[PDB]
Amino acid sequence: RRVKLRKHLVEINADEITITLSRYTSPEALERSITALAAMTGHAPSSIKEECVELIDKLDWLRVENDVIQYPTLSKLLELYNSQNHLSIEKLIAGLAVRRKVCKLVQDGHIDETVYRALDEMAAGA
Amino acid sequence: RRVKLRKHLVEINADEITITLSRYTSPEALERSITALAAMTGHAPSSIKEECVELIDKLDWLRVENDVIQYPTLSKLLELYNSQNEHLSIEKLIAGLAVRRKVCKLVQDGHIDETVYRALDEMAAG
């Protein structure tokens, strides 16, 4: 009920808070997310870890075919865009999951007008 | 880190977390929200508390006919709807009523009729 499952992202809703996890979430960022949910819910950190771990295990990486797009690719692009403007990793993940031609261009290192236009589109939406 | 101010709601974005606060957030829910932001950011709770308090101070109540719509009105309506469509969050009912003067008046007068139920269906689909 508190959980919305997508292919690349999972969102966990607990009153005032929303936590969004992916396959790109680091173990440290996951420890903090688990403590942030435990302060809202009063649930044991052990039980929330187990659940969070099952949910990310059902998520997939971004892919140009079966070739996985890696975190430095995603972060170096986010830095490039934001030092010129805001775009969150959650919206870049969700935006690239529906833009095949853009995932290939990004994977090959061709950050052109087509890519810049996709990022403007992502930032202008939810 | 990133803050989105609206007339009745504020959203605070810190990596994996988004916290949404209003003038209707209780002291206890505001306590949990501050501790959840401190676990993400590593900032001092007393310092996060001052920031949230500054932002909640910039937000306004829902209003109709020279009056303020109070929390028991909003919560008793949320219970009424959700014990039937079992979902609408306080954040979406706030955002929905902020643009619906006739519905704010109907709710304030205790006339929860088809017009109200239709507005709530719209917010929950939305």
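What counts as what
- Residues numbered from 1 in each chain as written, not as in the entry; some residues may be left out.
- Chains lettered and ligands numbered in written order.
- Heavy atoms only, no water.
- Residues with missing side-chain atoms left out of burial classes, pairs and counts.
- Helix = DSSP H or I, 4+ residues; strand = E, 2+ residues; numbered from the N terminus.
- Pairing = 2+ DSSP bridges.
- Axes fitted to C-alpha atoms, helices over the stretch in contact; angles between N-to-C directions.
- Buried < 20%, exposed > 50% of the residue type's maximum accessible area, 1.4 Å probe, protein only.
- Polar contact = N/O pair within 3.5 Å; in protein donor to acceptor, adjacent residues only side chain to side chain.
- Contact = heavy atoms within 4.5 Å.
- Domains from an automatic or database assignment.
- Buried area = accessible area lost by both parts, 1.4 Å probe.
- Core = buried A, V, L, I, M, F, W, Y, C linked by side-chain atoms within 4.5 Å.

S.K.: Please clarify how the overall build of chain B should be interpreted in this entry.
M.R.: Of regular secondary structure, chain B possesses six helices and three strands. Along chain B, helices (α) and strands (β) appear in the sequence β-β-β-α-α-α-α-α-α when read from the amino end. On the principal axes, the C-alpha backbone points of chain B span a range of 50 × 35 × 25 Å.

S.K.: I tried to follow the sheet that holds strand β1 (residues 3-5) of chain A on my own but got confused; where do I start?
M.R.: Remark on secondary structure: sheet strands pair via backbone hydrogen bonds, oriented parallel or antiparallel. Ordered by their spatial adjacency, six strands build an open sheet running β1(A)-β2(A)-β3(A)-β3(B)-β2(B)-β1(B), and the pairing between neighbours is antiparallel. Every other strand in the sheet has two partners, leaving β1 of chain A together with β1 (2-5) of chain B as the edge strands with one partner each. This sheet shows a mean twist of 15 degrees between the axes of neighbouring strands, independent of strand direction. Examined bridge by bridge, strand β3 (residues 17-21) of chain A and strand β3 (residues 17-21) of chain B share three bridges and lie antiparallel to one another. Within the sheet, the bridge partner assigned to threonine 18 of chain A lies in β3 of chain B and is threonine 18 of chain B.

S.K.: I would appreciate a short explanation of the side chain of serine 33 of chain A in the present structure.
M.R.: Within the fold, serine 33 of chain A resides in helix α1 (residues 27-41). For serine 33 of chain A, a relative accessible area of 0% corresponds to the buried category. Among the polar contacts listed, one links the side chain of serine 33 of chain A to the backbone oxygen of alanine 29 of chain A, at a separation of 3.0 Å. The contact partners of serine 33 of chain A, leaving out residues within four places of it in the chain, are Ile19 and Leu21 of chain A together with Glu16 and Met40 of chain B.

S.K.: Would you mind showing me how to read the pairing of strand β2 (residues 10-14) of chain B here?
M.R.: Looking down a regular strand, the side chains alternate between one sheet face and the other. Residues and elements named next belong to chain B. Of the two faces of β2, only the one carrying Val10, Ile12 and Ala14 is buried; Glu11 and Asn13 on the other face are not. Inspection of the sheet shows β1 paired to β2 by four bridges, in the antiparallel sense. Within the sheet, the bridge partner assigned to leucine 5 lies in β2 and is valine 10. Between β1 and β2, which pair antiparallel in sequence order, lie four residues.

S.K.: Help me out: how do you make sense of the domain arrangement of chain B in this one?
M.R.: Often the size quoted for an interface is simply the accessible area lost on bringing the parts together. All names here are of chain B. When cut into domains, chain B gives domain 1 (2-56) and domain 2 (71-125). The gap between the C-alpha centroids of domain 1 and domain 2 is 25 Å. For the pair domain 1 and domain 2, the summed buried area comes to about 510 Å², and 82% of that belongs to carbon and sulfur atoms. Interface area lost by domain 1 to domain 2 is led by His8, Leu9 and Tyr24, which between them contribute 80%.

S.K.: Before we go on, may I ask you to explain the nonpolar core in this structure?
M.R.: As a rule of thumb, soluble globular proteins bury nonpolar side chains together. Counting residues in each nonpolar core, the largest one holds 34 residues, and the members touching the most others are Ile17, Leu21 and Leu37 of chain A together with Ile17, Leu21, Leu37 and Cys52 of chain B. Listed by contribution, the elements that provide at least two residues to this core are β2 (10-14), β3, α1 and α2 (45-56) of chain A together with β2, β3, α1 (27-41) and α2 (45-56) of chain B. Ignoring any residue separated from it by four or fewer positions in sequence, one finds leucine 37 of chain A in contact with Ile12, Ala14, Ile17, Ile19, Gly42, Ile48 and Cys52 of chain A. The next biggest cluster of nonpolar side chains, apart from the first, holds 23 residues, and it includes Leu74, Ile93, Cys103 and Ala123 of chain A.

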